[PDB]
Amino acid sequence: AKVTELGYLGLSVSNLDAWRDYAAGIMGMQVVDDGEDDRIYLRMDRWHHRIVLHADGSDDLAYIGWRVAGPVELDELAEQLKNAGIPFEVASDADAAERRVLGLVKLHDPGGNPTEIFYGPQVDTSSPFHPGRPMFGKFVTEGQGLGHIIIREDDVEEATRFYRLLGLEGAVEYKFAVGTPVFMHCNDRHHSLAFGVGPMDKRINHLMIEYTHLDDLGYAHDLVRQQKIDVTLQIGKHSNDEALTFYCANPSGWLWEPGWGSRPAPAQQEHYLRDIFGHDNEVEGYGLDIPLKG
Amino acid sequence: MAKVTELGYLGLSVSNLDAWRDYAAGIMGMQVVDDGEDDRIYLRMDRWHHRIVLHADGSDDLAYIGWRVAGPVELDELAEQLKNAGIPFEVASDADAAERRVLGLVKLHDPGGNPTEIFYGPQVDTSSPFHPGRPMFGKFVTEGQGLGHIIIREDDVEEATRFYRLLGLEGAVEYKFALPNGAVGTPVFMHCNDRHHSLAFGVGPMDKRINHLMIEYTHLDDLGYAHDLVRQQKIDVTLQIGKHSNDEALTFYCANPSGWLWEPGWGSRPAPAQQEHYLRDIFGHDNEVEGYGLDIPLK
Amino acid sequence: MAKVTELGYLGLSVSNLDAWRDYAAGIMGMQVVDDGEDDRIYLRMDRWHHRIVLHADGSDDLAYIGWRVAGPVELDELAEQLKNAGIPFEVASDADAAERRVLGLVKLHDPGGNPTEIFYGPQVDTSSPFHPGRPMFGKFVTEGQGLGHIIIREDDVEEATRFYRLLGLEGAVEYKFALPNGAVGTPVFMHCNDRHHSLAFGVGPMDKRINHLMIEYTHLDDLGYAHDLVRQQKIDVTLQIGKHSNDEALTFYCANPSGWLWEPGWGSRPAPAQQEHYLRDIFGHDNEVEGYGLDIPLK
Amino acid sequence: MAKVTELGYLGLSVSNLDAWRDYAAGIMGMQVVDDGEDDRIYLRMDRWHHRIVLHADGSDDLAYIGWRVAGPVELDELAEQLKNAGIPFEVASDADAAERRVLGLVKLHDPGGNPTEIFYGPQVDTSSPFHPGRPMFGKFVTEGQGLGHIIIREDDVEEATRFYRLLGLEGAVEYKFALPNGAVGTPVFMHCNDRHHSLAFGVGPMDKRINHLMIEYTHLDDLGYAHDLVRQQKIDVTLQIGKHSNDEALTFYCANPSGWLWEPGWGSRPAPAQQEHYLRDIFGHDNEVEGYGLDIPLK
Amino acid sequence: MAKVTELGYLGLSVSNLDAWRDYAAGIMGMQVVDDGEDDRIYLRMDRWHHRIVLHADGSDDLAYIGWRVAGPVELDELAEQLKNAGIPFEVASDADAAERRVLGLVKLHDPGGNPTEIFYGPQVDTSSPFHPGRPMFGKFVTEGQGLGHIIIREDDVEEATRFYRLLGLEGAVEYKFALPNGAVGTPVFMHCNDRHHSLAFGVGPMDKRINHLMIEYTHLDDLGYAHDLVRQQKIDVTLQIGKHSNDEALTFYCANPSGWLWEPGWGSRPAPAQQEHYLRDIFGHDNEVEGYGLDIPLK
Amino acid sequence: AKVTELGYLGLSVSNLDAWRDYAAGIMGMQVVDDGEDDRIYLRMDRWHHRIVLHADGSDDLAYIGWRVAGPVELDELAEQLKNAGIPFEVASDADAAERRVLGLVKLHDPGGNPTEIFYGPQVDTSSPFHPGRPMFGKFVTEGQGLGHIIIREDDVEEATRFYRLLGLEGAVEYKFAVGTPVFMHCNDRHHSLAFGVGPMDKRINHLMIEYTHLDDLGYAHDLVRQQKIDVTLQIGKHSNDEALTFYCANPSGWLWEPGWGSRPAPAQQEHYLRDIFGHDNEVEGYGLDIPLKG
Ligand SMILES: Cc1cccc(O)c1O
Ligand SMILES: Cc1cccc(O)c1O
Ligand SMILES: [Fe+3]
Ligand SMILES: [Fe+3]
Ligand SMILES: [Fe+3]
Ligand SMILES: [Fe+3]
Ligand SMILES: [Fe+3]
Ligand SMILES: [Fe+3]
């Protein structure tokens with residue numbers, strides 16, 4: 001049994017209103033507020049949510065939620081964790097209910113990042129996805145999770161082994177001292193996870209979100225520029241995912257990467273030396289201060 | 001040769017703008033578009049700037065019907081056909097065209113006295129994507145099919161049929177109903193594209209220019225959503241959910257803020273290549289709230 | 001320009017209604033439709049109210065042939081073509097049209113004296129789905145292809161060909177057979193849609209207006225079912241199962257209650273885009289019970 | 001309006017029937033058909049009774065070219081076009097048509113004096129399937145494309161082009177070659193269906209009515225089989241395997257028993273929608289055995 | 001009836017051949033073709049010998065526009081239409097046609113005085129496959145769509161529209177822009193195939209015959225490659241990457257060696273079946289380096 | 001875990017310039033020169049290279065590179081090798097980097113042919129394949145490797161067993177003393193490997209390369225004839241792969257077989273007695289001096 005997608009993220013944020021303006025107003029996510037005094041939700045599709053924003057006063061990643069197919073698969077993964085000697089907690093019904101899931105296992109990755117494994121997310125079919133700004137299309141999420149993340153790992157090799165145990169597959173995909181970032185996938189999304197990208201001052205570097213329609217990316221890009229939000233890498237294409245993407249600052253001081261047209265991960269491992277086109281460095285200091293093309 | 005290609009727009013006279021916004025956007029899912037005109041707003045269903053203009057003039061009826069042609073050459077040909085038939089028409093100026101948000105325009109009347117417009121080059125607001133007035137599972141069916149269809153008043157069914165044939169619509173009688181006096185009601189339905197029909201008439205006496213407008217969702221769940229809302233808001237349903245034998249669409253008929261009917265629907269089939277007629281509907285469409293001009297027994 | 005689009009219906013004169021029900025429904029799978037008319041019943045093959053009218057008048061022959069056109073404009077054009085050719089015709093009233101269960105109708109005769117009708121707008125009973133008179137694996141092939149095809153009497157093959165070309169059918173000679181006196185039999189086959197042919201003639205002397213009617217099943221197993229029943233009920237088979245080289249359909253020819261032939265079939269190919277002719281059949285169609293006008297050696 | 005639809009057949013005058021059987025059946029894979037006529041046999045390539053008639057008359061050239069039309073109405077229209085152009089023609093009797101194994105026929109000559117026939121209704125022998133004169137991996141390409149294509153003698157290229165345009169073929173110059181005197185050779189190629197061309201001319205002086213016939217296999221391996229046999233039997237190859245830039249077909253050119261050329265091929269592309277021209281071939285087609293009228297340098 | 005089928009070629013007057021090679025091949029990916037002519041070279045984009053002729057004559061503007069028709073019959077018909085409209089034209093000789101590398105040619109001028117050519121039978125160099133002047137991920141989009149599109153000078157928009165309609169192009173106004181004096185700019189766009197447009201004009205005052213040429217890549221990555229190079233080589237970009245609402249193509253506008261604009265692009269949609277108009281672009285196309293005649297605010 | 005393709009070849013050559021003229025100028029490969037004093041590269045697709053030419057002064061095969069999906073699969077194959085008792089070396093990072101791969105195992109086949117197993121080839125997406133002469137199309141390589149090779153085996157049965165362990169599948173496909181050549185596949189390419197073809201005076205007999213477009217083969221064939229390069233077998237079709245191919249000499253004195261339209265290997269083993277058509281013997285002495293048709 002393997003994890004099947006990157007189901008949700010929990011984020012600790014200092015400014016909820018700024019996040020609504022950003023994630024809804026620009027990116028097109030739907031804000032969902034169920035009356036909880038300490039959190040709101042960002043929705044991207046049928047699921048009740050893909051992102052939880054905790055009114056916490058911090059500005060980093062809080063937890064990463066990996067999906068499995070069902071209770072049997074969860075138990076099998078948990079049995080594997082026990083076998084390998086990795087500490088985990090079987091969460092209570094009320095903890096599962098908090099995350100809007102039926103079953104939950106809580107643990108950590110070798111870099112100490114809070115990691116949860118779940119099945120049975122809450123799906124709000126009866127209330128159709130309604131975007132925070134006008135959208136030409138939708139988000140790419142069905143069977144692919146909410147997007148992908150680059151996270152902090154002090155031991156790249158331990159992290160690779162850990163995620164392989166969860167069922168992710170991948171290896172080093174770039175050679176840039178040589179920087180050799182590792183990219184991993186668990187479904188049709190080129191990668192759900194990456195790490196080993198040099199020094200990070202937060203647990204998360206970026207989250208990439210994917211539009212179905214190129215025009216929604218153009219819409220988002222125009223707005224980011226109109227609102228003078230920092231762009232760290234201009235519109236371009238990485239050699240690995242071949243997606244058209246840009247990297248811009250979010251209210252928490254790390255990066256979101258709106259994009260379009262990502263390909264599936266190759267059946268067999270490849271590596272690259274540089275990006276295809278674009279991705280010119282602009283505003284430095286967000287952890288992506290490397291020449292991606294040369 | 002040149003023919004009308006779709007029912008492009010409707011201009012409506014309304015007495016209450018606030019109720020219409022609540023109704024057309026809040027229930028039906030249309031997008032309200034306000035360009036700051038002191039006397040009008042618009043309802044948008046797709047890429048086009050609008051499909052419906054609401055004129056806040058205090059009346060509650062149809063103001064004008066806009067039929068689309070492919071281009072200026074086609075308009076010119078149609079106008080020439082009108083001139084040959086001795087049908088009076090107005091060639092709109094650039095300011096008249098700009099008003100309707102079109103490139104070129106001809107204004108006239110059908111035989112029933114319904115203001116009729118023929119135009120090309122709708123304004124399309126590609127840059128600001130359609131954003132529904134309530135959450136939607138899908139979209140509206142409009143592309144190459146126009147906004148929907150309408151039943152309108154015709155005192156002379158045959159003259160109306162001849163007129164619309166000249167415009168390029170095709171059709172004939174699709175139903176035969178038994179009337180009280182031993183006469184037969186024989187409503188005419190006409191099409192100019194893949195939409196089963198864009199136009200119907202000959203349903204008997206009407207106190208308004210328009211009986212109903214039918215609008216179509218791509219997704220069944222949007223019909224369910226709209227139906228649940230109509231029922232919740234205690235809005236009159238004249239005909240319950242069902243299917244006519246002609247379009248085979250799943251639809252209901254309900255009151256709008258102007259006292260006539262809208263018919264939200266789903267799954268409309270294309271017009272058959274060859275003329276057919278029917279004596280009844282397939283299922284549902286049971287009569288409920290009476291007095292909207294569709295009190296006839298459909299089964 | 002306007003052309004007949006399919007063989008829509010046949011009116012038949014019969015002497016025994018009870019035997020025809022047993023035969024057409026009980027064996028063939030057609031649906032019996034009785035509207036309470038004292039002198040007639042109907043056989044239904046699909047969505048249409050009927051494809052065949054049985055007139056219980058005591059005769060046993062064809063009464064009329066109904067050819068479909070797309071609509072009233074097309075009918076009008078065809079009528080104009082008849083008037084130009086100096087062919088006499090009757091424009092049916094609304095009551096005449098209602099009788100045939102159509103919207104509009106023209107009545108005339110072909111050159112062989114066969115009563116011929118041209119109509120638009122068949123009554124379709126969508127609300128009560130086709131329900132076969134015996135269990136069926138599939139359905140009949142009719143959609144855009146009419147009820148099947150017929151071989152009819154023509155004393156003048158060339159005049160008949162010219163007449164039917166005017167109607168919009170296309171075709172020519174498809175077989176050449178050697179006759180006893182050194183002459184050649186050259187039957188003409190004609191089509192107006194995807195059905196290989198709707199009409200054939202020039203098969204020589206006939207004592208009735210009609211030689212056969214061919215009906216087509218969607219599913220081979222329905223042909224097998226019907227064939228097994230015909231054999232069980234000891235009904236005369238004039239030509240055993242086989243295939244003509246023209247339509248390439250798997251068919252047999254058997255007696256009906258009126259003493260002429262029905263040809264149940266399956267897998268009929270479309271008419272070739274360009275004219276072809278043949279000297280024999282592919283396989284089977286061996287002569288069995290003689291005296292039904294098809295005693296010719298097909299191989 | 002009406003146009004020729006394919007190159008249907010060729011009649012050939014031959015001096016040696018035995019060698020032609022050995023060649024066309026034994027190497028090429030055609031089916032020999034002998035109906036017991038004392039003076040002729042046939043070569044069959046598909047469902048049709050034949051594509052080629054061999055007249056054992058002692059000459060070694062083309063006897064006649066048969067172009068197909070869809071039917072008798074189309075023939076009539078073409079004949080009317082010939083009469084309007086003041087082109088003399090013969091309307092064949094039923095016995096003349098029977099000879100060619102067709103339903104209707106018109107006989108005339110092209111401007112180069114090549115006997116030209118226009119016909120409808122080929123005899124198709126569906127009942128006895130095509131059986132090749134040597135084992136075949138596949139079949140011939142003929143359906144809706146005729147037997148292949150031919151290069152024929154024309155003393156007046158422009159008159160020939162005008163004549164064939166009247167017949168309904170389309171085309172123009174497809175190559176420009178540099179000639180010794182500073183002139184340019186500009187061969188014309190023409191098509192009437194999906195076959196890149198059915199006809200070409202203007203290749204300069206010819207001592208026979210026909211330069212070559214091209215025949216196409218469905219399967220590459222049949223070309224390989226035929227090529228291996230030609231080489232084994234020491235039959236002259238004038239142009240080795242290669243590809244012309246126009247049809248992009250993989251072909252070679254070899255001698256037949258009458259001293260002219262057959263061009264077995266595979267993978268012919270359809271004629272481009274719009275006229276193109278070329279200055280050379282793609283690959284191969286290197287000159288080998290000279291003196292068959294194609295000694296020109298193709299690259 | 002007969003119509004132009006694509007924008008086939010452009011002849012350009014240039015002052016610097018070396019810079020144009022560097023630009024069109026080294027950046028854009030076109031193939032340089034040098035046939036040893038002392039005064040000209042060619043740029044190739046596909047199978048055709050060339051799409052663009054560069055005349056090293058010291059000027060820096062458009063020299064001629066070549067529109068394609070399907071064949072000699074179509075050319076003849078178009079010429080007849082020009083003669084009927086009282087439009088003067090030159091029927092090119094075989095040497096004139098050979099110069100342009102075509103089979104037949106007509107030379108004239110549009111109402112703006114732009115030299116306009118109508119031709120059939122381009123020379124296609126199938127034997128030497130397209131080999132780009134820089135490494136390419138894909139190819140150019142040209143097949144049945146011509147080389148791209150152009151904006152050209154027209155002092156009389158209406159006369160220009162009428163002229164091009166006669167040629168067989170279709171279109172009308174696609175944008176309305178607000179001008180400083182309260183007037184409206186209304187550029188006309190026209191198409192003759194699946195390319196959204198081949199031609200546009202009415203963008204106001206121009207100091208050259210041509211404002212821009214748009215060329216389309218099959219693969220997005222080639223646009224990225226070309227864009228990266230333009231930026232690296234410090235070549236002026238007048239409009240940044242973006243999308244017009246009409247063609248919905250992803251494009252940028254940059255300077256060429258002659259001081260006018262090329263617009264490399266990707267993902268152009270087909271022209272809508274029916275006329276549409278817009279008030280702004282979708283995204284990007286922000287004004288950068290000014291003074292190339294496109295300083296207008298597109299959003 | 002199985003090998004997935006014949007990823008690359010290393011060739012020892014005496015004349016680099018003659019190889020550029022031949023492989024680029026005629027065949028359409030792309031020459032890649034990264035400044036190494038002792039080697040250049042032949043490229044056929046997205047990959048940095050498919051062939052390495054070592055300026056060595058020899059004229060034979062140097063090494064055969066077999067691809068696996070990733071590091072896990074490499075380790076599993078290596079564990080299988082250890083189990084069967086076959087000697088192998090886990091190559092250093094710098095050895096892996098030399099071959100432009102992420103991970104490498106070096107060994108030999110039973111015939112002593114140098115054999116490498118790898119994952120993660122260098123892919124140069126940003127610099128599109130640009131052919132050494134004009135091409136109508138491209139090479140068939142995606143998921144099929146660079147082509148196929150016939151190599152020297154003194155023990156056919158041991159070689160068959162060895163390659164089965166690597167994951168190749170096949171058996172004798174021809175019966176021509178009876179010559180019974182063995183053909184083996186690991187993907188959609190009819191075969192990647194063959195052996196048991198009689199006496200060989202080099203380690204490699206031929207390499208077959210496949211064009212997508214028939215016209216590129218005609219182009220190559222014309223040039224081979226124009227340049228008077230020895231053709232040993234004329235244009236023809238083998239019964240097994242049913243590809244249209246010819247066999248011609250290369251600057252190293254063995255053979256390249258340009259071809260088109262190869263079919264996939266049958267699901268089930270077949271054998272043949274002769275070729276379909278063509279392949280007539282021409283210039284003898286290249287190790288293919290047999291009557292293939294009779
Ligand atoms: C930031 C970054 C750099 C290189 C490759 C990637 O996939 C990526 O996300
Ligand atoms: C040389 C050779 C001979 C026979 C079969 C083959 O596949 C082959 O490559
Ligand atoms: Fe990323
Ligand atoms: Fe309705
Ligand atoms: Fe029959
Ligand atoms: Fe030829
Ligand atoms: Fe443009
Ligand atoms: Fe081989």
Side-chain angles (χ1 to χ4, degrees), chain C residues 6-7 9-10 12 20 23-30 43 45 51-52 60-62 65 134 136 138 140-142 145-153 171 174-175 187-191 195-204 206 208-231 233 235-271 278 280-298:
Chain C
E6 57 175 289
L7 184 62
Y9 60 72
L10 292 171
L12 266 36
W20 268 102
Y23 177 89
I27 301 172
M28 298 309 168
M30 297 190 178
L43 300 168
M45 298 172 67
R51 304 320 292 241
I52 307 170
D60 279 303
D61 211 333
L62 177 73
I65 300 155
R134 54 80 162 181
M136 283 188 71
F140 288 97
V141 178
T142 59
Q145 287 190 50
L147 79 152
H149 73 245
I150 55 178
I151 286 190
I152 59 172
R153 192 169 58 199
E174 286 191 344
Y175 276 85
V188 173
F189 295 74
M190 308 189 78
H191 42 85
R195 190 180 297 285
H196 174 89
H197 57 106
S198 304
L199 182 60
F201 45 83
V203 295
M206 286 170 57
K208 289 190 171 71
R209 280 178 177 153
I210 185 154
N211 173 72
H212 80 269
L213 165 64
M214 182 282 186
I215 63 183
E216 188 183 356
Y217 295 114
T218 59
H219 288 55
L220 175 47
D221 293 344
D222 278 324
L223 179 65
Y225 189 111
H227 178 250
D228 274 1
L229 255 172
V230 168
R231 291 290 183 192
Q233 293 200 25
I235 300 175
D236 292 347
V237 166
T238 76
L239 298 165
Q240 309 182 332
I241 301 164
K243 280 201 184 166
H244 300 295
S245 298
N246 62 347
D247 54 17
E248 300 192 14
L250 195 66
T251 79
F252 69 101
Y253 290 75
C254 68
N256 63 44
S258 289
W260 53 281
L261 300 175
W262 276 21
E263 186 203 351
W266 172 84
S268 198
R269 78 172 180 152
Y278 318 96
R280 65 161 269 178
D281 280 4
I282 311 173
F283 64 85
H285 282 336
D286 309 283
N287 299 82
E288 198 172 328
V289 185
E290 293 192 57
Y292 290 84
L294 289 171
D295 288 331
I296 176 93
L298 282 161

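Numbers restart at 1 for each chain; the letters A, B, ... are given by sequence-line order, proteins then strands.
- Contact annotation: the side chain of C/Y23 approaches that of C/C254 to within less than 4.5 Å [non-hydrogen atoms, C-beta and beyond].
- C/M136 CE to C/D222 CG: the interatomic distance, rounded to the nearest 0.5 Å, is 4.0 Å.
- Of all non-hydrogen atoms in C/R51 and C/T142, the two that sit nearest each other are NH1-CB, 3.9 Å.
- Closest approach of C/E174 and C/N246 over heavy atoms only: OE1-ND2, 2.9 Å.
- Here the NE2 atom belonging to C/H149 is positioned 8.0 Å from the CG atom belonging to C/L213, to the nearest 0.5 angstrom.
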Mind running side-chain contact (heavy atoms from CB on, under 4.5 Å) on C/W20 and C/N256 for me, showing each step along the way? CA-CA 8 Å; C/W20 268 102; C/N256 63 44; 3.6 Å; yes
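- Using cut-offs of 30° and 60° for the angle between ring planes, the C/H197 and C/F189 rings count as perpendicular.
- Here the CE-CZ distance, from C/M214 to C/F252, works out to 11.0 Å after rounding to the nearest 0.5 Å.
- Scanning all heavy atoms of the two residues, the minimum distance from C/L43 to C/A24 falls at CD1-CB, 3.5 Å.
- Taking 4.5 Å as the limit, some side-chain heavy atom of C/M30 sits within range of a side-chain heavy atom of C/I215.
- Interatomic distance, C/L261 CG to C/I150 CD1, rounded to the nearest 0.5 Å: 14.0 Å.
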Pair C/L12, C/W260 - check side-chain contact (heavy atoms from CB on, under 4.5 Å), show working. CA-CA 12 Å; C/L12 266 36; C/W260 53 281; 3.8 Å; yes
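- With values rounded to the nearest 0.5 angstrom, C/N287 atom CG is found 13.5 Å from C/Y292 atom OH.
- Residue pairs meeting the salt bridge (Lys or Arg N to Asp or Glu O under 4.0 Å) criterion with at least one partner in residues 249-265 of chain C, sequence neighbours excluded, are absent.
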Test C/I210 against C/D61 for side-chain contact (heavy atoms from CB on, under 4.5 Å), laying out the working first. CA-CA 7 Å; C/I210 185 154; C/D61 211 333; 3.6 Å; yes
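- The two residues C/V237 and C/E288 make their nearest non-hydrogen contact at O-CB, 3.0 Å.
- Aromatic rings of C/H227 and C/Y217 (six-membered ring for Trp) have centroids beyond the 6.0 Å cut-off, not under it.
- In terms of heavy atoms, C/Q145 sits closest to C/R195 at O-NE, 2.8 Å.
- Between the side chains of C/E216 and C/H196, no donor N or O sits under 3.5 Å from an acceptor N or O.
- Below 30°, between 30° and 60°, or above 60°: for C/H285 and C/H244 the angle between ring planes is between 30° and 60°, a tilted geometry.
- Of the possible polar contacts, one joining the C/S245 side chain to the C/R280 backbone as a donor-acceptor pair under 3.5 Å is found.
- Interatomic distance, CG of C/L239 versus CG of C/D281, reported as 8.5 Å (0.5 Å rounding).
- Looking at every heavy atom in both residues, C/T218 comes nearest to C/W266 through O-NE1, 3.1 Å.
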